[PDB]
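Okay, here we've got a single chain as structure tokens, the form deposited in one PDB entry, with questions on binding and movement later.
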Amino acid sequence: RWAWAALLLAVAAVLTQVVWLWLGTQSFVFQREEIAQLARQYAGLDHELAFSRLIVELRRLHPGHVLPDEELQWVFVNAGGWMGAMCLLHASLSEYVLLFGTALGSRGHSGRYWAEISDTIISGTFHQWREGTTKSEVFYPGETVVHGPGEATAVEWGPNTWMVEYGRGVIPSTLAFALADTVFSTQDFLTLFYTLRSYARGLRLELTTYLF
């Protein structure tokens, strides 16, 4: 039975080599500049119509990578002491696209992610206070603010602020932050389930499109 462990580790090594080669040779569906430009073109419109136009355009530019209307749902998000709402359009293990915002405004922690985030503002204001600094910057509709991996900032969204977000990195690690206040502050298990279901629907779509 000593060779059974050798066979198990051999199969495991070949499988891990497959996984490594696949993770290495994977391309990305979206480009940061693509999402940024699509969101900047629609910043002048009201956020409802801008969301609609951007979703239609994303669907026509990358078919099979945008959730259908039957699976689009606004879901609240409580994290880092702030509260907003998001609608997920695309979600994989390495990429995500969503619409985020708040009609009341909010303030809190940006989150320390293993990913690169890009928020292009459709309406409102985005105040960012970078770590180690004593001043804050402000971003207005049409501008794009980037969150590098391992960075943490303080964030402040003014009333009626809405943006398009494109994240790229270790996506399953970000759920730990985005659901922290849902577990320990709001105890909103229904919203937790809705978020997990949106993520799973995005994964399902990506898998079926990759398999055809």
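Basically, rigid core = biggest C-alpha set you can superpose within 1.5 Å across the two forms. Position 1 is the first residue in the sequence shown; the rest follow in order. Only residues modelled in both forms are compared.
S.K.: When the Cα temperature factors in the entry are averaged, is it 65-73 or 151-159 that ends up higher?
M.R.: Mean B over CA atoms: larger for 65-73.
S.K.: When the deposited Cα B-factors of this chain's modelled residues are ordered and cut into thirds, is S123 in the lowest, the middle or the highest one?
M.R.: Answer is middle: the recorded C-alpha B-factor places it there.
S.K.: Quick one: classify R53 as lowest, middle or highest third of the chain based on its Cα B-factor.
M.R.: Middle third.
S.K.: What third of the chain, by the recorded C-alpha B-factor, contains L93?
M.R.: Its C-alpha B-factor belongs to the highest third of this chain's values.
S.K.: Using the temperature factors of the C-alpha atoms in this entry, rank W114 within its chain: lowest, middle or highest third.
M.R.: Middle third of the chain for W114's C-alpha B-factor.
S.K.: Ranking the modelled residues of this chain by C-alpha B-factor as given in the entry, is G167 in the lowest, middle or highest third?
M.R.: As the PDB entry reports it, the C-alpha B-factor of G167 lands in the middle third of its chain.
Keep in mind the form deposited in another entry is missing from the figure; the text below concerns it.
S.K.: Superposing on the rigid core, is the Cα displacement of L190 between the shown form and the other one 2 Å or more?
M.R.: Comparing the forms between the shown form and the other one, which are aligned on their rigid core, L190 does not shift its C-alpha by 2 Å or more.
S.K.: Superposing on the rigid core, is the Cα displacement of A6 between the shown form and the other one 2 Å or more?
M.R.: It does shift by 2 Å or more.
S.K.: Relative to the superposed rigid core, does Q26 relocate between the shown form and the other one - that is, does its Cα move 2 Å or more?
M.R.: Yes, the C-alpha position differs by at least 2 Å between the shown form and the other one.
S.K.: Lining up the core, where do at least three residues in a row all have CA moves of 2 Å or more between the shown form and the other one?
M.R.: Run 1-26 stands out as the only one displaced between the shown form and the other one - at least 3 residues long.
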